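The analysis underlying the following values was restricted to heavy atoms, covering all of them including side chains, and did not include hydrogens, waters or symmetry mates. Start at 1 and go down the list; that is how both ligands and their atoms are numbered. Proteins come first, then strands; the chains are lettered A, B, ... in the order of their sequence lines, and each starts at number 1.
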Amino acid sequence: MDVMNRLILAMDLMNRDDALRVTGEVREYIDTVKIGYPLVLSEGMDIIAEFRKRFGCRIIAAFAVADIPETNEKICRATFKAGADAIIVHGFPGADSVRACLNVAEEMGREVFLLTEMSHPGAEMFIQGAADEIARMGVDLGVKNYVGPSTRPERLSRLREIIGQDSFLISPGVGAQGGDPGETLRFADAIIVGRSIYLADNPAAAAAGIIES
Amino acid sequence: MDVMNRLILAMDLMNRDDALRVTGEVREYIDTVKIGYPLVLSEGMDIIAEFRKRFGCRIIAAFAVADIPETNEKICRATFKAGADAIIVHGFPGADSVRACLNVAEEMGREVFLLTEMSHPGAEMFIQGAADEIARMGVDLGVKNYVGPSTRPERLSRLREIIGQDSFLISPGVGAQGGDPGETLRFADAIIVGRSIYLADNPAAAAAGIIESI
Ligand SMILES: N#Cc1cc(=O)[nH]c(=O)n1[C@@H]1O[C@H](COP(=O)(O)O)[C@@H](O)[C@H]1O
Ligand SMILES: N#Cc1cc(=O)[nH]c(=O)n1[C@@H]1O[C@H](COP(=O)(O)O)[C@@H](O)[C@H]1O
């Protein structure tokens, strides 16, 4: 995936009008948009088609997939049918759940991102201790795309080590959760940014600002 | 929560027509339906309102919520606005992510179910070794409703031990994944059943048969 400006917009606004406006305003800067459940549960899967029609930006469905293999397969099918380029899947439910998603993505020609360690404080309780093994599981399964935390650069460094230079790594937690764009991009290929852009008075200026830095 | 016949239907059919037809066939037996992302992503969140209108069943949103606190809060907000009575939330992302869901549920008069240990084989890799501690975290947070695996009755037993007899416990993995209805109801208050009913030739007979076995 060639992410324009190394910057992925996390569009977690929950009404259609505002989400469309803000994404439109930053389209000169960003060609890849991460759409998750706050927007999808508010406006429907039809929102993915709408973004493709309006903007011709790649769409990553941030659905943190975390069910049994049979249900993960259905979720991936529904999400790729709607037009997502990629889906984010949790590794902590284990290898069979991840494989189920890889099998659908292989079949429909789309991508899986493996979420390895999360960026919020609570991630320290259980996920962090499992994360290096989760990332190594991903590599053994042939996963090529990963997600790891902007808020813990030492952990993001370790996860880049495990997955190698050829793997693709994107990282949330920049801005509102306290991660730095520059320090993150020493390990991640691209940064994910939501609130620092979408809650700005001038989203385009906020995006331009991050990019210029 | 009083689940009729201790049986919750997991409605994971992916089209509106089949989902409404199958649910209508078993409505005599079941007043609680677990609706997950397979149905919601195929048909929209309006399907929740439509089930309440047609059936008046309780709806548990099986969304395995597993994001950062701020995002979990927005998912719970959207879900309860859509008319879900309860939502399923993962414990593995930690206490702050579960507390975000509890906060919204409290504000809206809804219930959070904490998914401790999952029922599929992959659960053994990472989740199982954290599951007792996740359950203890639930107790510490004041969680009253939990989910644990029919496929590992000794783990389900341990979950019931940790949370005590006054917490409510529901359990998937019955039928298709190899769990036994009667054995699971030694420890769980209610069982979740999907494919054994909704893939049956006569779903009504499948549900009646299950209820008879218990
Ligand atoms: N993907 C993902 C996910 C995993 C993680 O560990 N940390 C996150 O912040 N996220 C998501 O990234 C986005 C971060 O947005 P923000 O820049 O903090 O506003 C949100 O959509 C959040 O749900
Ligand atoms: N809730 C939940 C979930 C957590 C888990 O550990 N195991 C499950 O099977 N489930 C869900 O319960 C249902 C079990 O359905 P079935 O009876 O195996 O067809 C599915 O909706 C599955 O996604």
Hey, which atoms in ligand 2 end up nearer than 4.0 Å to a heavy atom of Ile88(B)?
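Answer for ligand 2: 1 (N).
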
For atom 20 (C) of ligand 1, find the nearest protein heavy atom and state the residue, atom name and distance (0.1 Å precision).
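Going atom by atom, the protein heavy atom closest to atom 20 (C) of ligand 1 ends up being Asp12(A) OD2, 3.2 Å.
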
Scan the side chains in residues 1-13 of chain A for donor-acceptor partners under 3.5 Å anywhere in the protein, sequence neighbours excluded, and list what turns up.
residue: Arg6(A); atom: NE; partner: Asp189(A); partner atom: O; Å: 2.9
residue: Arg6(A); atom: NH2; partner: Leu185(A); partner atom: O; Å: 3.0
residue: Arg6(A); atom: NH2; partner: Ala188(A); partner atom: O; Å: 2.8

Which of the ligand 1 atoms, numbered from 1, are nearer than 4.0 Å to a heavy atom of [X]:
{"X": "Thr71(B)", "value": "20 (C), 22 (C), 23 (O)"}
{"X": "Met118(A)", "value": "6 (O)"}
{"X": "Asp67(B)", "value": "3 (C), 10 (N), 11 (C), 22 (C), 23 (O)"}
{"X": "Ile68(B)", "value": "5 (C), 7 (N), 8 (C), 9 (O), 22 (C)"}

Would you call [X] and [Y] a salt bridge, using N to O less than 4.0 angstrom?
{"X": "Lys74(B)", "Y": "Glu70(B)", "result": "no"}
{"X": "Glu154(B)", "Y": "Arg158(B)", "result": "no"}
{"X": "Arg21(A)", "Y": "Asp18(A)", "result": "yes"}

Between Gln177(B) and ligand 2, does any nitrogen or oxygen pair lie at a separation below 3.5 Å?
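Checking ligand 2 against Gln177(B), an N or O pair does fall under 3.5 Å apart.
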
Can you confirm, on distance only, whether ligand 1 has an N/O atom lying under 3.5 Å from any N/O atom belonging to [X]?
{"X": "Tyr198(A)", "answer": "no"}
{"X": "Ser119(A)", "answer": "yes"}
{"X": "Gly194(A)", "answer": "yes"}
{"X": "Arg195(A)", "answer": "yes"}

Hey, does the side chain of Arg195(B) reach the backbone of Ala176(B) with a donor-acceptor pair shorter than 3.5 angstrom?
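No, the answer is negative, given that no donor and acceptor are paired below the 3.5 Å cut-off.
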
Could you establish whether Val174(A) and ligand 1 come within less than 4.0 Å of each other, counting only heavy atoms on the residue side?
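The answer is yes: ligand 1 sits under 4.0 Å from a heavy atom of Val174(A).
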
Is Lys34(A) near ligand 1, meaning one of its heavy atoms is under 4.0 Å from it?
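Contact present.
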
CZ of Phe55(B): more than 12 outside heavy atoms within 6.0 angstrom?
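Check passes, neighbour count above 12.
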
Do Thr151(B) and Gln177(B) pair up side chain to side chain, a donor and an acceptor below 3.5 Å, judged on atom types alone?
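Side chains of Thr151(B) and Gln177(B): no pair found under 3.5 Å.
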
Side-chain heavy-atom pair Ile87(A), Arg110(A) within 4.5 angstrom cut-off:
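No - every pair of side-chain heavy atoms lies 4.5 Å or more apart.
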
Salt bridge (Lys or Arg N to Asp or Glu O under 4.0 Å) partners of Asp180(A), counting only residues at least two apart:
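Testing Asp180(A) for salt bridge (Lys or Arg N to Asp or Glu O under 4.0 Å), a comparison that skips the adjacent residues, returns none.
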
Would you indicate which of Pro69(B), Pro172(A), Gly179(A) comes nearest to atom 4 (C) of ligand 1 when only heavy atoms are counted?
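Considering heavy atoms of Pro69(B), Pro172(A), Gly179(A), the nearest to atom 4 (C) of ligand 1 sits in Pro172(A).
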
